[PDB]
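>
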Amino acid sequence: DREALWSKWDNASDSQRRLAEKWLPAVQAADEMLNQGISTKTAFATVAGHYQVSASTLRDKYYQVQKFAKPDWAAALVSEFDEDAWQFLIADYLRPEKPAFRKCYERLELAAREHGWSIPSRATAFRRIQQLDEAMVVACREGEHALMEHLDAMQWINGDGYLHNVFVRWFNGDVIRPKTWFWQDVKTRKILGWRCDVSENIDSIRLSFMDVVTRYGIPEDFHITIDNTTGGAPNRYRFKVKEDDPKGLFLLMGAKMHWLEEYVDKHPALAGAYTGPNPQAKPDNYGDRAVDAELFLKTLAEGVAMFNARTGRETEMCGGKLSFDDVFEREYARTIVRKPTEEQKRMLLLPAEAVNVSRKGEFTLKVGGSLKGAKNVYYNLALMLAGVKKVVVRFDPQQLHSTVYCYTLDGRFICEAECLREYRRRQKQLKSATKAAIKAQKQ
DNA sequence: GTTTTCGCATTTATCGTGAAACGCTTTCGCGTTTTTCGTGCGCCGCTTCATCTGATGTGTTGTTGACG
DNA sequence: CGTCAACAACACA
DNA sequence: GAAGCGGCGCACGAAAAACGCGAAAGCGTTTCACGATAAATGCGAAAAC
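Letter by letter, the first sequence follows residues 88 to 165, 178 to 247, 258 to 338, 347 to 376, 400 to 560, 572 to 594 of PDB author numbering.
As structure tokens, this is what we get:
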């Protein structure tokens, strides 16, 4: 078997291979002289004469390589210690603690002393630690497991969210860190739409999508991706909105569902609000520094515009020359899209949590929050004329004073109905009664 | 009686054989050689300490209140 | 007095 | 303002592949003997001219 021999040739150093290379023409030339029947003496004297080599060495090596085939002649020319201590050390390093090697080793020395174990050299120990596995380190921290056709413009869009590090004073006066959801065209990388709000919830996604399909339309083959590899909650309209299934609406749009920090967060105008990744940051300065919602949102819109308009984008489509806007304007004109009807757009208007319907076929929504306070009562004959107890109300905040649309709890449209700080005081009082009691318990 | 051929003897030559000697190449044998491989320690440079740590959304269950 | 329905908390992803 | 852990480079020593000197055995071609046989030459005698 020439496998072990050739692996020995292979594993040899460059210097060793060079040595074999140097020794090969001398052995081969020698073979020629003997074939001619030249005296061994004259042949070796001649080779040792022309080539600087010991005649005896050449002779000996020739006989050694004689038994080997000629193509392989080159390849021819080329810790006992206590397992308990070793196990103890390995056991120690693999702990999530992951102590320093030299110190863990010293501890091991103490244990070895107590048990009388014969330990190997620190260098040997660590060497063997390297020899263990890439997987073992992960075994200690569970780390690696945490890592592990033609596309038209508008054909495939990706949705992503972003939590801002900038403090903004919102429309309701509260100072918060806004969260914005963005829709991006996968091919051209152009941002097609966005919506910003006080927290992460479906509304910003839904409405940014609405912005995207209203502005650019709905393609005939529509793919949407949100990599997850429901929001709702009370009551910005004083009535709760909403536990639903957005999923159905997306599938209905004819969409197949799949599962700037420099421009916004780092813009000069917000410098008092953005703190930066500062581990130590004084909280005493910031209540005054929080920027206005209008300024933040304007800076955001301009940041998006500048991100899209930025040339020198290194992508296939831009070829290091054009901007996302250029390639989007170019490719969008080569795709076939359809505009959404008024009805479709209205079906996307916001869902209110189920309200009770009386025997008379009327129900109530207590309007408030960002809208003018009022207790709206809606009515229709179809509500009293068939089976219903609870009903989901779909509405446009701007049209609450006139027409809403009632749906059954399972989603079937029934008919439309015509129209015939509050809880924050409790929230604040609760806050004070917390803080005072908390300080009193701390002391 | 003179010459020539014919029969017998001794000496030398050579073969066929068998065990044998030399000379060439081939190996292995052992003393002294040469490289590679581990074990081992010491030094240098980088980085943290001079003050550091936990959540959210939705569903289900339990308890309590209201209603029959 | 008994049962049912809703609200609130805790646990889970 | 201070110190430790990690990582890398240099040296020692020892074992395993090695090297140069040999040397003997394997082995081929050649060796010598030894001896025996023929055959080639030696001599003489008898027949021949």
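Cβ coordinates follow ideal geometry from the N, Cα and C atoms, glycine included.
1) Just the C-alpha distance for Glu469 and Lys485, rounded to the nearest angstrom, thanks.
2) For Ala449 and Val528, I'd like the C-alpha separation in whole angstroms.
3) Starting from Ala107, trace the alpha helix (DSSP H) in both directions and tell me its first and last residue.
4) For the alpha helix (DSSP H) containing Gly365, list its first residue and its last residue.
5) Report buried or exposed for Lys590, applying the criterion of at least 16 other Cβ atoms within 10 angstroms of its Cβ.
6) Closest to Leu260 by CA distance: which of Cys305, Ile476, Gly513 is it?
7) For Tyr403, name the three-state secondary structure that DSSP assigns.
8) By the 10 Å Cβ neighbour count, where 16 or more other Cβ atoms means buried, how is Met247 classified, buried or exposed?
9) Is it true that the CB of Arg304 sits closer than 8 angstroms to the CB of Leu316?
10) For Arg146, which residues of its own chain have a beta-carbon under 8 angstroms away from its beta-carbon, when the five flanking residues on both sides are left out?
11) For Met457, which residues of its own chain have a beta-carbon under 7 angstroms away from its beta-carbon, when the five flanking residues on both sides are left out?
12) Could you spell out where the alpha helix (DSSP H) holding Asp465 opens and where it closes?
13) For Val507, which residues in the same chain have their Cβ closer than 8 angstroms to its Cβ, ignoring the five residues on either side in sequence?
14) Among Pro158, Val140, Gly551, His214, which one has its Cα closest to the Cα of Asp181?
15) Counting only runs of 4+ residues fully inside the stretch 479-516, write out the alpha helix (DSSP H) ranges in chain order.
16) Report all residues from its chain with a CB closer than 6 angstroms to the CB of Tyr204; omit the five preceding and five following residues, and keep chain order.
17) Could you tell me the alpha carbon to alpha carbon distance between residue 607 and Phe436, rounded to whole angstroms?
18) Please go through the same chain and pick out, in chain order, the residues whose beta-carbon is closer than 7 angstroms to the beta-carbon of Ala211, but skip the five residues on each side of it.
19) Exposed or buried, which one is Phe318 when buried takes at least 16 other CB atoms within 10 Å?
20) List the residues that DSSP assigns as beta-bridge partners of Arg450.
21) Here's a check: name, in chain order, each residue in its chain whose Cβ is nearer than 7 angstroms to the Cβ of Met446, leaving out the five neighbours to either side.
22) Could you tell me whether the stretch 363-376 touches the stretch 424-444, where touching means 3 or more Cβ pairs closer than 8 angstroms?
23) Suppose you measure from the CA of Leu231 to the CA of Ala224; what does that come to, to the nearest Å?
24) Tell me which residues share the same chain as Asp536 and place their Cβ nearer than 8 angstroms to its Cβ, disregarding the 5 neighbours each side in the sequence.
25) For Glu454, collect the residues of the same chain with a Cβ closer than 8 angstroms to its Cβ; drop the 5 residues on either side in sequence, then sort them by chain order.
26) Contact defined as beta carbons within less than 8 angstroms: I believe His273 pairs with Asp405. What is the distance between those atoms, to the nearest angstrom?
27) In angstroms, rounded to a whole number, what distance separates the CA positions of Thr543 and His407?
28) Go ahead and label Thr439 buried or exposed: buried means 16 or more other beta carbons lie within 10 angstroms of its beta carbon, across all protein chains shown.
29) Taking only runs that begin and end inside the stretch 184-242, name each unbroken alpha helix (DSSP H) of 4 or more residues, in chain order.
30) Please classify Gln264: is it buried, with 16 or more other beta-carbons within 10 angstroms of its beta-carbon, or exposed?
To lay it out plainly:
1) 24 angstroms
2) If I take the Cα positions, the gap works out to 53 angstroms.
3) 101-122
4) Its alpha helix (DSSP H) spans residues 363-370.
5) Per the 10 Å Cβ criterion, exposed.
6) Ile476
7) When DSSP states are grouped into helix, strand and coil, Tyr403 belongs to the coil group.
8) exposed
9) yes
10) These residues qualify, in order along the chain: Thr127, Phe131.
11) Taken in chain order, the residues that qualify are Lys296, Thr297, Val467.
12) In this chain, the alpha helix (DSSP H) harbouring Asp465 covers 464-472.
13) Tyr354, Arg355, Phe356, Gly513, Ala514, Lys515, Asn516, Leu540
14) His214
15) 482-487
16) Here the set comprises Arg221.
17) Shown here, the chain extends from 88 to 594; a query on residue 607 therefore has no answer.
18) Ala184, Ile218
19) buried
20) Looking at the DSSP assignment, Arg450 forms no beta bridge with any residue, so it has no partner.
21) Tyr403
22) no
23) So the alpha carbons of these two residues sit roughly 11 angstroms apart.
24) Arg486, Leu489, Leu490
25) Excluding residues up to 5 positions away in sequence, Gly460 lie with their Cβ nearer than 8 angstroms to the Cβ of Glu454 in the same chain.
26) Indeed they touch by this definition, with Cβ atoms about 6 angstroms apart.
27) Here the alpha carbon of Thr543 sits roughly 43 angstroms from the alpha carbon of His407.
28) buried
29) 200-214, 221-231, 233-240
30) buried
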